[PDB]
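Single chain ahead, written as structure tokens, the form deposited in one PDB entry.
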């Protein structure tokens, strides 16, 4: 059965242990791959693609324009169109109006949005089918107006990429498909090749080799940033005595099935909760799951924390900073103001995380590992730069400029002072 803790008892040391996921080295094997793709373009990408993926491709980048539209079963198409629709609407609503701030008359300042010109989106491939991720990444890129959108998705063993991913890629305006994975794919995007466009920002979780390539390349002469660390998936469920045990169990298992390193945490808030029934439901439901071996492995390092009340339970969750938080408690919505650290939040009894994973409209590319303490999930803003713009009239300069001279003199920066002084003289000499 799952390990149980009583929150009031926990020492500082035990709490720090609870908030730390299983630990992380990788950089040694990845750099030669990075450097090689940097030095030898596509040819090296293909060598690593034969070794690691067992696929011989002559054309590792396709213009998505040149690809035929995939053939989908109509129920599948319909569902992906609903996901697109909701994700599009949710992300499109994040556009900021851009208004002038004019505190001092003649001193006009504004913040404007510009798209990142070129972006790379990594979606695991081969046997993986992750059209959901393709949408979570490409839809905001589409909305932001990124000119080049490269999607890295390694092909199946017969040279062909997952058709559901292609469908989503075409719907969301992906320009280039990079039929490749791993660190070779990342480096290809960060550095550019003969046929791969160079990108300015790389998004999307992958394996150790992907994450490592991303982390190396962000600090490199490639001049590239990345979205976040987004490692093994996580869910923290808060449940009280009104939660249905089989539903609580099903939510825990929904993310535990992602892999044996996933982390799942149940916080029981208050009295009257049937922990035996929950445990019982977890074991039974896990036994009948196709991926029950991954889930059982993930549950082997999962845990239950008992909190005296909802306030203590949310306090624990805030310390943990879970990728996903499900709050299955009475009047869940009222607790929103107490949430501090959580990638994405699911409120009430009819909101399994599965809905956010797939089609609610929110983005499932989210910070794991504790990184929700300082990173947000992918959003429209992840694809934008905000440039500040200011303009002064003569009068504006007369009002503000003397303050600036004063401050510059204080810092010992006389040239900063004189850029103002010379202009004020010129204004006086015509006035």
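If you superpose the two forms and keep the largest set of C-alpha atoms that fall within 1.5 Å, you have the rigid core. Residue numbers count along the first chain shown, from 1.
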Length class of the unmodelled deposited segment, which would lie between residue 24 and residue 25: 1 to 3
Mean C-alpha temperature factor, higher of 6 to 14 and 415 to 423: 6 to 14
Selected stretch [higher average CA B-factor]: 186 to 194 or 333 to 341: 186 to 194
397, 384, 60, 374, ranked by C-alpha B-factor: the highest one: 60
Residue selected from 65, 379, 390, 393 by maximal Cα B factor: 65
Residue 291 - which third its CA temperature factor falls in, relative to the rest of the chain: middle
B-factor third for the C-alpha atom of residue 171 within its chain: middle
Entry-reported Cα temperature factor of residue 368, expressed as the chain third it lands in: lowest
Third of chain Cα B-factors occupied by residue 274: middle
Residue 302 by Cα B-factor - lowest, middle or highest third of the modelled chain: middle
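Keep in mind that the form deposited in another entry is missing from the display, and what follows is about it.
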Of 341, 94, 354, 207, the one whose Cα moves 2 Å or more between this form and the one not shown after core superposition: 207
Rigid core fit then residue 61 CA moved by 2 Å or more between this form and the one not shown: no
CA of residue 376, rigid core aligned, shift of 2 Å or more between this form and the one not shown: no
Rigid core superposition, residue 131 Cα moves 2 angstroms or more between this form and the one not shown: no
In the other entry, shift in Cα separation for residue 162 relative to residue 127, 3 Å or more: farther
Outcome for the Cα pair residue 299, residue 128 in the other entry, compared with this form (closer or farther; change of 3 Å or more): closer
